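Report on the structure given below.
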Amino acid sequence: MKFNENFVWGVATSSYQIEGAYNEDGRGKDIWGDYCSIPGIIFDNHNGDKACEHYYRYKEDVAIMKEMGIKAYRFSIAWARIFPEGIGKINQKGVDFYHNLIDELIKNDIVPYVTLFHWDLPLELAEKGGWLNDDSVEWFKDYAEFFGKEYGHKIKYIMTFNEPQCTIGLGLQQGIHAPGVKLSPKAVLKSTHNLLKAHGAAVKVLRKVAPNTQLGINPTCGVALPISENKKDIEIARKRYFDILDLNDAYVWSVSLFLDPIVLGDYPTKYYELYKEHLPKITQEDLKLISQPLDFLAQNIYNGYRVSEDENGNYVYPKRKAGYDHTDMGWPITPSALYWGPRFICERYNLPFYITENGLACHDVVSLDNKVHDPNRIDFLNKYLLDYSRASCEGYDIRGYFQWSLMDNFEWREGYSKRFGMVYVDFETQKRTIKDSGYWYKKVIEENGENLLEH
């Protein structure tokens, strides 16, 4: 019994990365399409105008998902495809599209998992300040309210914000993601506060208009890994994993900054002390709105880092061995992150836990045999599921795993130079090719993980 019988095996995509049709059927502009229009921002000036054309080819992608026997599909809704201006007028062809997509999923016995916001903020609301605007809490509530009223009767799982660490940190504090700016701590924490408030308002209104839909959120962070399994070393990694970082660091990359207000009802104590001169207006109704009860907690986990302390109690980060296992991103391959991550999150928050994203980039090619061989992805996934199974076997309330991605897509700043899918996509012909990892993943679902090679 590596995993439980109810375990959920899924793949994950996002709207801007696969859909295409950025300027068709009344879809409004968003921040990433706007971000891409700045020359030199994206690798080779790629954009998401066409992407994988999933908007037009969704039936084929669902047929491919049935071919691999995938029972759950995580995807995101393009806010600008339903509300071209963020608020007000409804774009029916965008409403019809997600109807056609959802119906195709149900028709093929695939359970939809919906992400409301996957970074594609409607450009009209960004030009109104984005998450700096206190009205953004209402913009997202009305967005969530319409989606719950229109689709709640056939969507059982909804998560609000995918990886707010990127939207806030890379987008507004580090200038790495859209809109690409580096704002003040006041702006960043005010933007953080309104995003959390928008999350809670979305949860509260979805309990009213879609009461049979389970709600959650999937943040992300590097997983602090203990140097050994001694209680003294595990506590160092646990403290770092939920720490609040200094203002001169990339302080948005914190687990507790977002999830402690959501699950525990307030920011950590360190937040009020370190950020005292940059604190936003925080009322108790704010914290009450943010801390709505959730049905599940999720997390995108890709890698982790060893962490320790010296004599003075300062964090020490040991080097990685020369030639260490890595991906086409240069990211390290650390399968133990899928154990310590879920373990730390479950112990601190005690909610049903999903892994919403896990995977790696591989320099995949269509070989001479017209197949795509990615055994490195098979090894990466197999090793990560082994440590994830250990957490399930140890009694933690683990519910599922969504492998990023289903198909190669637009990898943001990297464009199409990085391939994360188990399905190969030639971005000219739009020809799909299932990789060896896809057929291997089909057997994993059918065996519920009892085929995972050990050691």
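Letters for chains follow the order of the structure tokens (A, B, ...), residue numbers begin at 1 for each chain, and ligand numbers begin at 1 in the order shown.
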(message) Quick one: residues within 10 Å of residue 92 (chain A), only C-alpha atoms, excluding same-chain residues fewer than 6 positions away - as JSON, numbers by chain?
(response) {"A": [25, 26, 81, 82, 83]}
Filtering to N, CA and C atoms, could you give me those residues as a JSON list (two decimals), in the first residue's frame?
```json
[["chain", "number", "residue", "atom", "x", "y", "z"],
["A", 25, "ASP", "N", -12.09, 35.76, -30.21],
["A", 25, "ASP", "CA", -13.34, 35.48, -29.49],
["A", 25, "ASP", "C", -13.49, 36.37, -28.26],
["A", 26, "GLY", "N", -13.11, 37.64, -28.41],
["A", 26, "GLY", "CA", -13.37, 38.63, -27.38],
["A", 26, "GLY", "C", -12.54, 38.52, -26.12],
["A", 81, "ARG", "N", -10.71, 35.96, -20.28],
["A", 81, "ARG", "CA", -11.54, 35.32, -21.30],
["A", 81, "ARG", "C", -13.02, 35.36, -20.95],
["A", 82, "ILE", "N", -13.35, 35.44, -19.67],
["A", 82, "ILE", "CA", -14.74, 35.56, -19.23],
["A", 82, "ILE", "C", -15.12, 37.02, -19.02],
["A", 83, "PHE", "N", -14.28, 37.78, -18.31],
["A", 83, "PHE", "CA", -14.44, 39.22, -18.14],
["A", 83, "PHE", "C", -13.33, 39.91, -18.92]]
```
(message) Using only C-alpha atoms, which protein or nucleic acid residues come within 10 Å of residue 245 (chain A)? Drop anything in the same chain fewer than 3 positions from it, and give the result as a PyMOL selection string.
(response) chain A and resi 240+242+248-254+257+270-271+274-275
(message) Can you pull out the residues contacting residue 54 (chain A)? Cut-off 9 Å, using only C-alpha atoms, and skip same-chain residues under 6 positions away; I want them as a list in words.
(response)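 In the requested format, the answer is residues 15, 18, 19, 20, 21, 60 and 61 of chain A.
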(request) Might you pull out every residue within 6 Å of residue 399 (chain A), with only C-alpha atoms counted and same-chain residues fewer than 5 positions away left off, and present them as a count of residues only? (result) 3
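Close contacts of residue 380 (chain A), defined as residues with an atom at most 8 Å away when counting only C-alpha atoms, with chain neighbours fewer than 6 positions off set aside, comprise residues 333, 335, 359 and 360 of chain A.
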Can you list every residue of region 300-382 of chain A that has an atom at most 12 Å from region 258-268 of chain A, with its nearest atom pair and the distance in Å to one decimal, using only C-alpha atoms, ordered by chain then number, as a tab-separated table?
```
residue	atom	partner	partner_atom	distance
A:345	CA	A:259	CA	9.5
A:346	CA	A:263	CA	11.4
A:348	CA	A:260	CA	9.1
A:349	CA	A:263	CA	6.5
A:350	CA	A:263	CA	9.2
A:351	CA	A:263	CA	9.0
```
Mind dumping a table of every region 290-390 of chain A residue within 10 Å of region 192-213 of chain A, with the nearest atom pair and its distance in Å to one decimal, using only C-alpha atoms, sorted by chain and rising number, as a tab-separated table?
```
residue	atom	partner	partner_atom	distance
A:290	CA	A:200	CA	4.2
A:291	CA	A:200	CA	6.5
A:292	CA	A:200	CA	5.9
A:293	CA	A:203	CA	8.4
A:294	CA	A:203	CA	8.0
A:295	CA	A:213	CA	9.2
```
Prev. selection, N, CA and C atoms, output as a CSV table (one decimal), in the first residue's frame:
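Final file, selection.csv:
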```
chain,number,residue,atom,x,y,z
A,290,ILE,N,-9.8,36.6,5.5
A,290,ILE,CA,-8.8,35.8,4.9
A,290,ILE,C,-8.9,34.3,5.5
A,291,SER,N,-9.2,34.2,6.8
A,291,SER,CA,-9.1,32.9,7.4
A,291,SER,C,-10.3,32.0,7.3
A,292,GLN,N,-11.0,32.0,6.2
A,292,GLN,CA,-12.1,31.1,6.0
A,292,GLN,C,-11.6,29.7,6.0
A,293,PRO,N,-12.4,28.8,6.6
A,293,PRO,CA,-12.1,27.3,6.6
A,293,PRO,C,-12.0,26.8,5.2
A,294,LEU,N,-10.9,26.0,5.0
A,294,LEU,CA,-10.6,25.4,3.7
A,294,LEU,C,-10.9,23.9,3.8
A,295,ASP,N,-11.2,23.3,2.6
A,295,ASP,CA,-11.4,21.9,2.5
A,295,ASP,C,-10.2,21.1,2.3
```
(message) Applying 12 Å and only C-alpha atoms, which residues near residue 325 (chain A) remain after dropping the ones on its own chain fewer than 3 positions away? List them as a list in words.
(response) residues 303, 320, 321, 322, 328, 329, 330, 331, 332, 333, 334, 335, 360, 376, 377, 379, 380 and 383 of chain A
(message) What parts of region 286-365 of chain A does DSSP call alpha helix (DSSP H)? I'd like the answer as a PyMOL selection string.
(response) chain A and resi 286-290+337-349
(message) I want to know what sits within 6 Å of region 181-185 of chain A, based on only C-alpha atoms, with residues of the same chain fewer than 4 positions away left out; could you give that as JSON, numbers by chain?
(response) {"A": [172, 173, 174, 175, 189, 278]}
How would the residues just chosen look if you wrote them out with N, CA and C atoms as a PDB file, in the first residue's frame?
```pdb
ATOM      1  N   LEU A 172       6.187  41.840  -8.442  1.00  0.00           N
ATOM      2  CA  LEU A 172       6.186  43.179  -7.873  1.00  0.00           C
ATOM      3  C   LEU A 172       7.373  43.486  -6.971  1.00  0.00           C
ATOM      4  N   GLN A 173       8.078  42.477  -6.463  1.00  0.00           N
ATOM      5  CA  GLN A 173       9.213  42.694  -5.575  1.00  0.00           C
ATOM      6  C   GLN A 173      10.559  42.432  -6.234  1.00  0.00           C
ATOM      7  N   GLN A 174      10.636  41.472  -7.157  1.00  0.00           N
ATOM      8  CA  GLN A 174      11.893  41.100  -7.786  1.00  0.00           C
ATOM      9  C   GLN A 174      11.961  41.430  -9.273  1.00  0.00           C
ATOM     10  N   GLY A 175      10.856  41.842  -9.888  1.00  0.00           N
ATOM     11  CA  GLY A 175      10.872  42.214 -11.291  1.00  0.00           C
ATOM     12  C   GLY A 175      11.180  41.083 -12.251  1.00  0.00           C
ATOM     13  N   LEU A 189       3.685  44.449   0.458  1.00  0.00           N
ATOM     14  CA  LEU A 189       2.867  43.912   1.540  1.00  0.00           C
ATOM     15  C   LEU A 189       1.408  44.333   1.407  1.00  0.00           C
ATOM     16  N   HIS A 278       6.552  49.113   7.297  1.00  0.00           N
ATOM     17  CA  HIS A 278       5.956  48.936   5.979  1.00  0.00           C
ATOM     18  C   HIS A 278       4.629  48.192   6.051  1.00  0.00           C
TER      19      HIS A 278
END
```
(request) Considering only C-alpha atoms, state which residue in the set A:302, A:296, A:412, A:384 is at the smallest distance from residue 336 (chain A). (result)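 So, comparing all the options, the nearest one is A:384.
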(request) Would you work out the distance separating CA of residue 102 (chain A) from CA of residue 151 (chain A), expressed in Å to one decimal? (result) 8.8 Å
(request) Extract the full set of strand (DSSP E) residues from region 141-292 of chain A according to DSSP on the backbone, and format it as a VMD selection string. (result) chain A and resid 157 to 162 214 to 218 223 to 226
Write the residues of the preceding selection, restricted to C-alpha atoms, as a compact mmCIF listing (two decimals), in the first residue's frame.
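See selection_34.txt below for the written result:
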```txt
# COMPACT_ATOMS: atom_id res chain seq x y z
CA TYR A 157 -12.64 21.32 -6.63
CA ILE A 158 -11.60 24.97 -6.92
CA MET A 159 -8.34 26.58 -5.83
CA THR A 160 -8.05 30.35 -5.79
CA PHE A 161 -4.48 31.52 -6.41
CA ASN A 162 -1.68 29.48 -7.99
CA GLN A 214 -14.36 21.86 -2.23
CA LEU A 215 -12.07 24.88 -1.93
CA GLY A 216 -8.34 25.30 -1.46
CA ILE A 217 -5.18 27.13 -2.46
CA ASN A 218 -1.79 26.03 -3.83
CA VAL A 223 11.49 23.09 0.62
CA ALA A 224 13.93 23.44 3.50
CA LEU A 225 15.57 20.02 3.85
CA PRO A 226 17.16 18.83 7.11
```
(request) Counting only C-alpha atoms, figure out which residue out of A:339, A:356, A:390, A:236 gets nearest to residue 310 (chain A). (result) A:236
